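Protein chains in written order, with the deposited numbering: chain h, 1 to 81; chain e, 25 to 752; chain m, 19 to 49; chain n, 5 to 141; chain i, 1 to 39; chain p, 1 to 39; chain s, 23 to 172.
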Amino acid sequence: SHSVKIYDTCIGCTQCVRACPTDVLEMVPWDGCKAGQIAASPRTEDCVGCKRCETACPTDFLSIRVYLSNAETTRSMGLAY
Amino acid sequence: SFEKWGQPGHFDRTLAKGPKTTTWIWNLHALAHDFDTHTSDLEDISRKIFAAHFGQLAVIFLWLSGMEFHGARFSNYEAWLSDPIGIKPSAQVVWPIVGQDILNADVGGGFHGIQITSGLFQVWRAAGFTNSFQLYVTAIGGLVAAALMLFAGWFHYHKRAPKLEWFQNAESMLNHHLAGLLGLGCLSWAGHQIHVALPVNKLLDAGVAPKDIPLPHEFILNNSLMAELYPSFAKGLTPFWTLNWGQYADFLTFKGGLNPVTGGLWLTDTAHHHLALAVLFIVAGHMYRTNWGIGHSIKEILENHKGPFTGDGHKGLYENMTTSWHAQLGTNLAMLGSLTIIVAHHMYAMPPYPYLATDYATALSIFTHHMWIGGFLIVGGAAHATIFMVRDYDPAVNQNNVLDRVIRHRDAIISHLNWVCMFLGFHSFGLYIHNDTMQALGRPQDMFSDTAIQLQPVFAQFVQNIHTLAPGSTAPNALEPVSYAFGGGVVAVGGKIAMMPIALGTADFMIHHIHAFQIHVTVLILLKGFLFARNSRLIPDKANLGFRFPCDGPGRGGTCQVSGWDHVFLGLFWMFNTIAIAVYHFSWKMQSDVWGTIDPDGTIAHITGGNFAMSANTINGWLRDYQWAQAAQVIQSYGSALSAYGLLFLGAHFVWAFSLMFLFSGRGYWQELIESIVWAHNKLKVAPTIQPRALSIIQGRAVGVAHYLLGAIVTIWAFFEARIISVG
Amino acid sequence: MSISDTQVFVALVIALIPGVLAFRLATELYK
Amino acid sequence: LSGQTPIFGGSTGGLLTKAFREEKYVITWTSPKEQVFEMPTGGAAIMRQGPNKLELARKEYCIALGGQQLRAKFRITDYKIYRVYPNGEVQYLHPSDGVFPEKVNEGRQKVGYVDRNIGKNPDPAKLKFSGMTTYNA
Amino acid sequence: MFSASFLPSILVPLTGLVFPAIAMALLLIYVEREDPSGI
Amino acid sequence: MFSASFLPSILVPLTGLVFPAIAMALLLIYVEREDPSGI
Amino acid sequence: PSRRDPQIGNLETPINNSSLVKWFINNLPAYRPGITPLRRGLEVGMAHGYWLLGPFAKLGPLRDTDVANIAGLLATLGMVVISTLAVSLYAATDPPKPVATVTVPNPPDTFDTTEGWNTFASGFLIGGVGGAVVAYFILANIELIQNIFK
Ligand SMILES: CC1=C(/C=C/C(C)=C/C=C/C(C)=C/C=C/C=C(C)/C=C/C=C(C)/C=C/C2=C(C)CCCC2(C)C)C(C)(C)CCC1
Ligand SMILES: CC1=C(C/C=C(\C)CCC[C@H](C)CCC[C@H](C)CCCC(C)C)C(=O)c2ccccc2C1=O
Ligand code: SF4
Ligand code: SF4
C-alpha cells in the first residue's frame with residue numbers, strides 16, 4: 001500500500017514493533033551499533049496510516065518514517081464492508 | 025497551620041515536579057477535581073464530595089443573604105410596598121463618579137439606581153415584609169449558617185469523617201429524604217403561610233396600614249384577631265379530635281383559578297396543596313425496607329420483571345447504581361434538566377405569586393433562564409452517561425440484560441433513527457421553503473395557512489376542549505378550570521391582560537414538527553456517541569484508549585473527531601438551535617396574541633397584532649416581522665438618564681467572530697509564528713525561560729465553542745431585555 | 019342524542035385487539 | 005476450523021455479502037477454561053474449552069484480541085490466524101515468526117534496505133521526468 | 001338518513017362479493033396443496 | 001413578440017432536459033468501460 | 023435460532039420469518055414461479071400505472087380546472103416512460119456482480135440477466151400504459167357512482 005522508510009538511528013528499543021497493530025515490521029540482523037537487529041518493513045501491503053509506530057520511536061528525529069502513498073485499496077482503506 | 029497551600033500539584037505526582045513549559049499551567053486547572061483519577065479508594069472520594077457539597081451550600085447562603093442586604097438598604101421596596109403598580113422595583117444604586125452618573129434608574133419617589141428584573145419583591149409581597157431590619161437579621165442568619173456548615177464540613181473531614189458502609193443505604197436515604205426532608209419542610213412552610221401569609225394578604229386589599237398591622241407575636245397566642253375571620257378558627261375548634269373537618273371550610277378550600285385582587289391565584293389552594301403533598305409523599309416515603317425487618321427487598325423486584333421479549337429482565341443493576349458514581353450523576357442530571365424545563369413550560373399559565381401576570385418583565389426572564397439551564401445541563405447528564413460507559417461497566421454482570429440487549433443490535437436502532445430524522449427534517453423544512461417560493465412566485469393559492477391549502481392539528485384542539493368543561497363532572501368539588509388558556513373566561517386586571525385562551529391554527533403544525541425534528545437529531549448524535557463509545561466498526565480500541573483524545577492518525581482516510589465528547593459538542597450546538605428557536609416562538613406568540621393592553625370592554629389590544637397568521641409562514645417574513653421589532657430601539661435605546669446603558673450587543677458580535685476564528689484553523693501555523701517571535705526575543709536577550717507552546721487542538725476547540733456560546737447567548741438576552749424594557 | 023365520527027372511533031378499536039387476537043386464537047390449531 | 009464457537013446468542017454486527025464472497029479471517033487458540041469476554045462487533049460472550057474457532061471479516065479485531073485480550077489478560081499465546089478465499093484457499097499469514105517473538109531468529113528476511121542520512125536526500129530538484137522519489141541513495 | 005356518513009351505502013358489496021371470492025379461491029388452492037408444506 | 005419566429009418558445013427543453021440526459025447516460029456507460037478500448 | 027448461524031448479522035424476529043409474511047411475499051409477481059418475465063413486467067406496470075396517477079391528478083397545479091384528468095394522464099405517461107428509460111440503462115450497465123442479494127429462502131428466478139431485464143422493462147412499459155388508461159376510464163365519468171347513486 002503506502003511506503004515505509006527506514007534509517008540508521010534505530011537504537012533497537014523495539015517500541016514500534018510492539019505498537020504497530022498491522023504486522024508490518026521485523027528486526028532483521030544488524031551489526032553497526034549495540035542493536036545488532038534493526039527494524040524494517042517486510043509486509044507493507046497491510047499498512048494502515050495510523051502511524052502509531054514512530055510515536056513509539058524515542059530516537060531523536062525518530063528512526064522510522066512512512067511515505068503515505070496513493071495506491072489505496074480495500075485493504076489499505078480498512079473496510080469491513 | 026498555614027505551611028501547605030503553596031505546594032502546587034499536591035494531588036498529582038507528575039505535574040508536581042515543575043513547570044517545564046506553559047502546558048504545565050493548563051493541566052493545573054483541568055485535573056483539580058476528578059480525584060477518581062488519583063487512587064482506587066472510595067471513602068476519600070465520598071468525603072471530598074461531602075465537603076464540596078458543604079462549600080457549595082455555603083456560597084449559596086452567602087449570596088442569598090447578601091442579595092437580601094442589598095434589598096434592605098439600597099432597594100425601593102418599602103416605598104414600592106404601598107404601590108406595586110405605579111413603581112418599578114430597583115436596586116444596586118449607581119456610584120457617582122465619572123462614567124456611571126447618568127445611569128440613575130429613577131423609578132419614582134426619587135429612588136435612583138438600577139431597575140432590576142428578578143421579582144424577589146413578589147416573594148416579598150407574599151411573605152408580608154414590612155421593615156428592612158427583620159431582613160437584616162435574615163441575612164445575618166443566612167451568613168452565620170453558611171459559616172456554620174462550612175465549619176461542619178471542615179470538622180467532618182479533618183476530625184471525624186464518616187465510614188464506608190455509611191454510603192450504600194439507599195433505602196434509608198429515600199425514606200429519610202422523601203419523608204422527613206420534603207414533607208416536614210413543606211408542612212412547616214404551609215403552617216407559616218396560614219399563620220402569616222394570607223392574614224397580611226387580607227390586610228393588603230385596601231391600604232390597612234402595613235407596619236401598623238401587628239406582628240406574628242400578636243398572633244402566636246392571641247387568637248382573638250385569629251377568631252375575627254374564620255369562625256371555625258377560634259382556636260381551631262380542634263374538630264380533628266372529633267375527626268370532623270367540615271368546620272374548616274373557611275381557609276382550607278379549593279378554588280383553582282385566578283384571583284383578580286392579588287395578581288396571582290388563590291393562596292388557600294396552594295396551602296391545601298402543600299398539606300396534601302406533605303402527607304402524601306410522607307406515607308409514600310415510608311415504603312422501603314430498613315432496620316425493623318419489614319419492607320421491599322428492592323434488589324429482588326427488578327429480578328422478577330422478565331419475559332419472552334425481555335430476555336432476563338432487569339437483573340444485575342445495583343452494582344452499577346452504587347459501585348459507580350457517574351451513573352447516578354448522569355441520570356439525576358437528565359431528570360433534573362427535564363424537570364426544570366417543564367417548570368419553565370409551566371409557570372406562565374399558573375402564576376403562583378402575587379402580581380405575576382400583571383408584571384410583564386420578570387415572566388420571560390425567569391422562563392428563559394430556567395429553560396436554558398434545563399438543556400444546558402441535560403446534555404451534561406448524557407455526557408456523564410457516556411463517561412460511565414467508558415469508565416464503569418462489566419462483561420460478567422451484564423449477560424443478556426435489558427442493557428446488553430441493545431448494544432447488540434445498535435445498528436438497526438440508529439439506522440431507523442437516521443431514517444426518521446431525514447424524513448421529518450425535509451418533510452418540514454422543504455415544505456416551508458416550498459411555500460416560501462410559492463409566495464415569491466405569485467402563486468399565493470399554493471400557501472398552507474387557513475386562507476390556502478389546509479392542515480389542522482385536531483388533536484391539540486380536542487384535548488384542550490375536553491379540558492375546557494372539566495369541572496362539575498370530572499372535578500365536582502372544583503370551581504373554575506385549572507387554567508384559562510385552554511378554556512374559560514379571559515381573566516385580567518386593569519388595561520392589562522392576565523390570561524386569555526390561546527389559539528392553535530395552522531402555523532403551530534410545522535413549528536411543533538421542527539421542534540420534534542431537532543430533538544430527534546440531538547438524540548441521534550448523543551445516543552450515537554453513547555452506543556459507539558467503546559467499539560466502532562473500524563476502531564476496536566476506543567475504550568481501550570480513552571474517550572478524550574483528538575484522533576487516530578490519517579488512517580482509513582481521516583479519523584479526526586472520533587471521541588465522544590466531540591459528539592456532545594455537535595449535540596450542544598444543536599440544542600442551542602433548539603432552545604433558541606423555542607424561546608423565539610414563545611416570546612413572539614405571548615407578545616402577539618396573549619399580551620398587550622385592555623379597554624373597558626375587556627378589549628385586548630395586543631402588542632403586535634397577531635403576526636403569525638400573517639407572516640410566520642415564510643422565511644423572509646420571519647426576519648422582517650421579528651427582529652425589526654426586536655431591535656428598532658436598541659439602535660437608539662441609549663442617550664439619556666434612564667437609557668445610558670449602552671448594551672454589549674454591539675460588543676458580543678466581536679467575541680462571536682473571535683470565537684469562530686479558533687474553529688477553522690489548525691495549530692502548526694501558530695506554533696511556527698510562535699517560534700519566529702521566540703527567535704526575535706532570543707536575539708534581544710529576553711527569551712522567557714518557560715518555553716511557550718501553542719494550544720492543543722482539543723483545548724482550542726473547547727475555547728472556540730465556549731466563546732461561540734457566550735457571544736450568542738449574550739446577544740439574545742440583550743435583545744429581549746431591551747425589548748421588554750421598551751414595553752415594561 | 020345520536021353519534022358522530024365517534025362511530026369511526028368504535029370501529030377503530032376493532033381490527034387490532036379483537037381482530038388479530040381472534041386471528042391468533044384461530045391459527046393456533048395448525049390449519 | 006473447529007466445529008465449536010463461544011456461547012453467544014446473536015447480534016447484528018455479523019457478516020456482509022463482502023465476507024463470504026471476497027475473504028474471511030479465522031483465529032484459533034487453546035482455552036481449557038470458559039470465561040466471559042468481549043468482542044469488537046458489539047456485545048459479549050463466553051469462550052469454549054480447548055479449540056476455539058472465531059471467524060471474522062477483518063484482521064485488526066483478531067490482533068486486538070490476541071494482544072490486548074488473550075495474552076494480556078488470560079495468558080494464551082498460541083492463536084493462529086488465516087485468510088479464507090471466496091473458494092476456500094487458506095493462507096498462514098501469521099505467525100510468520102512462529103512464537104510471536106517480533107524480535108528473534110537465526111537469520112531473517114533479507115531483501116532491500118535504506119541506511120542513509122536524511123540531510124543528504126534526493127529531491128525533485130534532481131530527479132526530474134522520472135517516476136521515483138527520495139528512495140534513491 | 002341520519003348522523004352517520006355514507007358507509008352503509010357501499011360497504012356491503014366487498015363483504016358480499018369480493019371477500020367470498022378470495023375466500024373460496026384461497027380455499028380451493030389450499031385443498032390441492034403439495035407435500036409436506038401448506039399455507 | 002418581435003420579428004423572430006417561435007424558436008424561443010420551444011428550444012429550451014431539449015437543451016434543458018434531453019441533452020443532459022444523453023450526456024449523463026453516455027458518461028455513466030463510459031465510466032464502466034472494458035479494456036483496453038473505450039468510446 | 024438464526025437462518026444458518028446465530029453469530030451472523032441476522033435475527034429471527036417474528037416479522038421477517040413469519041409464515042404469513044413469507045407466504046405473502048413469495049407469491050408476489052417479483053417472486054412467484056411458473057411465470058415469464060414478460061408477465062412480471064405487465065403486472066407491475068398495471069399496478070403502478072394504475073395508482074401512480076392520482077397523486078397529481080387532483081393535486082397538480084391544474085388541480086381544479088376542468089381538464090386535469092387528461093393532464094394527470096399525460097404526466098403519468100411521461101413518468102412511466104422515463105422510469106422505463108432508467109431501468110433500461112441500468113440493464114445496459116448492469117453486469118458487475120450479476121446477482122441480486124438473496125434473503126428469500128430460495129433464489130427468486132432466472133429473471134436475473136440483461137436481456138431478461140430488457141424484456142421486463144418492455145412489459146413494464148406496456149402494463150404501465152394500460153393501468154394508466156384504465157384508471158383514467160374509471161375516473162372519466164365523475165358520475166361513475168352518480169348513475170348508480172348508491
Ligand atoms: C429551588 C432552588 C432554591 C430553593 C431551595 C428551597 C426553597 C429549598 C427548601 C428547603 C426547605 C423548605 C427545607 C426545610 C426543611 C425542614 C425540615 C427538614 C423540617 C424538619 C422538622 C423536624 C425534623 C422536626 C423536628 C421536631 C421539632 C422541631 C419539635 C420536636 C419534635 C421534632 C423532633 C419532630 C434555591 C434558591 C436555593 C436555588 C435555586 C433553586
Ligand atoms: C490563536 C490560536 C492559537 C495561539 C494561542 C496561544 C498560543 C495561546 C497563548 C496564551 C494566551 C495568548 C494567553 C492569554 C492572555 C490573556 C487572555 C490576557 C490577554 C488579555 C485579552 C483578554 C485581551 C493556538 O495555539 C491554536 C491552536 C489550535 C487551534 C487554534 C488556535 C488559535 O486560534
Ligand atoms: S524505530 Fe524506535 S522502536 Fe524501532 S528499533 Fe528503532 S528505536 Fe526501537
Ligand atoms: S500506519 Fe504506522 S503502525 Fe500502522 S502499519 Fe503503517 S507504519 Fe505500521
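Quick reminder that beta carbons are idealized off the backbone N, C-alpha and C, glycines included.
Starting from residue i, follow the beta strand (DSSP E) in both directions and report where the run begins and ends.
| i | result |
| --- | --- |
| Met250 (chain e) | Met250 (chain e) -> not in any beta strand (DSSP E); alpha helix (DSSP H) instead, spanning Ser248 to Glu252. |
| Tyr86 (chain n) | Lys84 to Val88 |
| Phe41 (chain n) | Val40 to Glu42 |
| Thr621 (chain e) | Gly620 to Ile622 |
| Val517 (chain e) | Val515 to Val517 |
| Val4 (chain h) | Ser3 to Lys5 |
| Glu59 (chain n) | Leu58 to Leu60 |
Indicate the three-state DSSP secondary structure (helix, strand or coil) for residue i in the structure shown.
| i | result |
| --- | --- |
| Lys44 (chain s) | helix |
| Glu93 (chain n) | coil |
| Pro29 (chain h) | strand |
| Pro36 (chain n) | coil |
| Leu79 (chain h) | coil |
| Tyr384 (chain e) | coil |
| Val66 (chain h) | strand |
For residue i, report the span of its alpha helix (DSSP H) as first-last.
| i | result |
| --- | --- |
| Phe597 (chain e) | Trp589 to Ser616 |
| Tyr181 (chain e) | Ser156 to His182 |
| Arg580 (chain e) | Premise fails: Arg580 (chain e) is in no alpha helix (DSSP H) and is neither H nor E. |
| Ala96 (chain e) | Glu67 to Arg97 |
| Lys552 (chain e) | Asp532 to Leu555 |
Quick one: which chain e residues come within Cβ less than 7 Å of residue i?
| i | result |
| --- | --- |
| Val48 (chain h) | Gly579 |
List the residues of chain p that residue i touches, going by C-beta distances under 7 Å, in chain order.
| i | result |
| --- | --- |
| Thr115 (chain s) | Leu28, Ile29 and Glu32 |
Nearest-angstrom Cα distance between residue i and residue j?
| i | j | result |
| --- | --- | --- |
| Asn459 (chain e) | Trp612 (chain e) | 21 Å |
| residue 757 (chain e) | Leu227 (chain e) | Outside the displayed range of chain e (25 to 752) lies residue 757 (chain e), so it cannot be described from this structure. |
| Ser720 (chain e) | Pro43 (chain e) | 17 Å |
| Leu672 (chain e) | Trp741 (chain e) | 10 Å |
| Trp33 (chain n) | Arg25 (chain s) | 27 Å |
| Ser389 (chain e) | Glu745 (chain e) | 8 Å |
| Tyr89 (chain n) | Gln95 (chain n) | 9 Å |
| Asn125 (chain n) | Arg112 (chain n) | 28 Å |
| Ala308 (chain e) | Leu202 (chain e) | 8 Å |
Output, in chain order, the set of chain s residues within a Cβ distance shorter than 7 Å of residue i.
| i | result |
| --- | --- |
| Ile39 (chain i) | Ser41 and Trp45 |
| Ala25 (chain p) | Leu111 |
Residues of chain i with CB closer than 9 Å to the CB of residue i, please, in chain order.
| i | result |
| --- | --- |
| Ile32 (chain m) | The contacting residues do not exist; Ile32 (chain m) stays about 14 Å from chain i at best. |
Cβ closer than 8 Å: which chain n residues qualify as neighbours of residue i?
| i | result |
| --- | --- |
| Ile431 (chain e) | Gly46 and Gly47 |
Which residue's Cα is closest to the Cα of residue i: the options?
| i | options | result |
| --- | --- | --- |
| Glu38 (chain n) | n:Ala49, n:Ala23, n:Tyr96 and n:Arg25 | n:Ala49 |
| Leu68 (chain h) | e:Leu647, e:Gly582, e:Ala170 and e:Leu239 | e:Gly582 |
| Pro127 (chain s) | s:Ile148, s:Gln29, s:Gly31 and s:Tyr53 | s:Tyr53 |
| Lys107 (chain n) | h:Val4, h:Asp8, h:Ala40 and h:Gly32 | h:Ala40 |
Quick one: list the residues of chain n neighbouring residue i, beta-carbon separation under 7 Å, in chain order.
| i | result |
| --- | --- |
| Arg434 (chain e) | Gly46 |
Along chain s, in chain order, which residues have C-beta atoms closer than 8 Å to that of residue i?
| i | result |
| --- | --- |
| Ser9 (chain i) | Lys172 |
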